Structure formats: C-alpha cells, structure tokens
C-alpha cells in the first residue's frame, strides 16, 4: 500500500510500552473526572414496609491500578487492558421508615463501597477533518468485588439485601457509563492537544506547516502511523498541491519514533522562509572582526591589513538570497542550491579609496545533520562556488582583493552561516520544548527525495502530570 503525504509519523509498539508505564495515572484522571449521581428510591422491605432510601454524595476515596497493558490490533484499534483496579468510594446513606412510623427518626449513616474492576478499552483512530480523533465504543468492565460497608457495621436487616438485589447492578452500570465516557474525553483531549502542540512546534511567526491528516491513521501489529500534508502556510495562505508518494517499507519498526519528510516540505520551507525576508545577514565592525576571530584568525595579520583597512569599526558586509534556495534530498546528505549576493564595504577617509565589492554568485552546499547533547549539528560534506557577476564599486579594485574576499566567503562565509543555522534551529527546538523529552540516540538520515528522523525516547514522568493538572 502507498499513501499521499508530505509528512508521515510512525509510533511503534516499543514506544507504546514506554507510554503504558503512565497508563495508571491517566486511568486515575478519568475516575476523578466522572460524575457519580445520587442513587435513590422508596422500596417495600420484608416486615419494615415502606423505606425511603438514598445513597448520597458518591466520591472516590481511593484508587490503585494493579497492571496495565497495550496491544496493537491489526487494522483496528489499541487494546488497552487494565487489571485489578482497586477503587474505594465514600458516601452518606439516608433512609426513613415510612410505614413503620413507630420505628423512630430517619437515619444518616456514612458508607464505603469497596470495588475491584478489570478494564478493556478498544480505542479506534480516525481522521476527523484533518484532525486525529479517538473512539472507544468497545469499553468493558469486570467487577470482582463491590462491597458496601457501613459505619459501625450497622444492619437493621434490609440494607445489604437492598444493595445486592438492587443498588449493586444499577451502580455497576452507571460506573461503566461514567468511566468509559471520561476515558473517551481524556483520550480526545490528548489527541487534540498532541496535534495542536505538534503544529505549534512546526510553526514560527507567519510561517506554519499544515499537519492535516491525508486519511485515517494506520494500525498494524508492530505500529500505528499517521499521514499528513506538510504544506507550509505563509500569512494564513496555503496551496493544496499534489502530494508525494509514501512507502511503508522505507520505515522500520525497531525504533520508537519514525519521521518521514518529502523533499517538497523543505522546498515549501525555502519558499516561505525566503519570502518572509528571513534569508539575510548583516555584519558590522566589531561583530565582523569577532566572526573572523571565531573562525580562528587574528585581525592584525599582514593580510587582514590592506583590506579592513585602517578603520575596521565601519567595515560592513551583507549576504542575502536573490532567489528562493533549491533544497534537495539525496543519499549523500541535504543539498542546498542558493543564489546569494554578498556585498562588501570597507570605508577609508575619502569615498574614492573605500573598497566596495558585490559578489553575485551561486553556492551549492551538501549538509549533513546530527542531534546530540540537545543541539542540532550541521556538517559540510561537499560544496561549490560558481561566481556570476563580481563587481567592484571604486577604483580601489584588484584580483588579489577579489580573490581574498571570494575566499572569505568560502573559508568563513559558509561555516558561519552553517553555524548560525544550527544556532537558529536548536533555538526553536528549545523554544517549543523539544529539549524537554529524552531523545535517545536519534539518527538523521538522508535519501533521494526524502529525509528520515529515527529515534527512541525517554518519557519525562513529570510532562504528563503537567498537562494532566491543566483540565480543571
């Protein structure tokens, strides 16, 4: 099978196992969110006659999941199985002897309902107009115990029977209702939030990605996989253009998380980034001086002399894209074909002696990426400079100068820009909380037409309890 998608996410069974360690905490939340209504009636009891009962203010007093387990069910769902969840409820029982008026005042006894349940939640994933939706119509409960204990172990002779032969069943059924409802909601809340926070990651200012699902996620026995458009939005405008073709053989099932990106996604990025005016750099005096020193050079060398020349504080440089850069995915790495304009201005006393060179050129660079120590690492694999129109703007012009400047673009130019990019990208990752998850041995792979992100993750046992508290 093939899919039409710009971006594809694969979350494998190994990852779900790590996520299941937190299942208990989530099932807890559903129980705390449920609305247990008052159970009331007025039945005729053996010998006592009419009795006006009421089990009031049903609240959870204790919760404890024994063992939880996940299981991907081929072309269907996620079968989450919870065992021996010990739930203890608190309340006040209110009753009155109606027909036996001589039996004195009505009573209020505090009670504890002690249950133990087994749960099966079969969660089916669908694409609700680009958004990922959760559905668990198949939600099951198995009660081992459901004992009612009253304060002081009081019993006139009707409570226990009225509980077992009436309240037991109804309460059990109400409980399933409320639990499977609140699971279904919290399930959706996660999915919407996860998606929303993912678009928040993939977006900055007027630039944003379109993660609309290109169809219902795929469930197999080894993984769960979603397929998205990956169109870049600029200033709330998107072009719904023909989608690339994706093969689910290009992705494994060993790693926890797999990400597949068409080169068309990097191309939309170049389009938007370029058009937003993001693709430019300007350096002045002290900063320009620092940049050369950063790339290991002493500004007071015989070479750096006739250039700056005497007044380096006023020496300026500007690099900008003349056209949208051509980003391509190859096996050898990421290749960026960019057409730049490097303008050099070195002022002297008189504007006649001031050195001003404008290098109009195409710089092709094969870049390779890495993630280590919560930083993005870009490394130059191969490059090529093809000058187009190298113009001089004063009489202070020579081929030694022209070569010197051309080299500065090569030797310092490319490495500084490459650095600034890894700085700028890592910045965002942190600014969108990527630096919060334990990203275990990630691999950034490059292939002809696409790029892969293969990673295992350590889930932060705090990050859930954070979102989990932000509900009420």
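Positions refer to the first chain, counted from 1.
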| On average, which has the higher Cα B-factor in the deposited entry, 172-180 or 383-391? | 383-391
| request: Between 350-358 and 258-266, point out the one with the higher average CA B-factor as the PDB entry records it. | output: 350-358
| Between 368, 365, 142, 314, which carries the biggest CA temperature factor in the record? | 314
| query | From 213, 334, 100, 378, can you pick the one with the highest C-alpha B factor in the entry? | reply | 100
| query | Against its chain's modelled residues, does residue 64's Cα B factor rank lowest, middle or highest third? | reply | middle
| message | Ranking every modelled residue in this chain by its Cα temperature factor as given in the entry, which third contains residue 344? | response | highest
| residue 413, C-alpha B-factor rank within chain (lowest, middle or highest third) | middle
| Thinking about Cα B factors across the chain, which third does residue 111 belong to? | middle
| request: Using the B-factor values recorded in the entry, state whether the Cα atom of residue 246 falls in the lowest, middle or highest third among the modelled residues of its chain. | output: middle
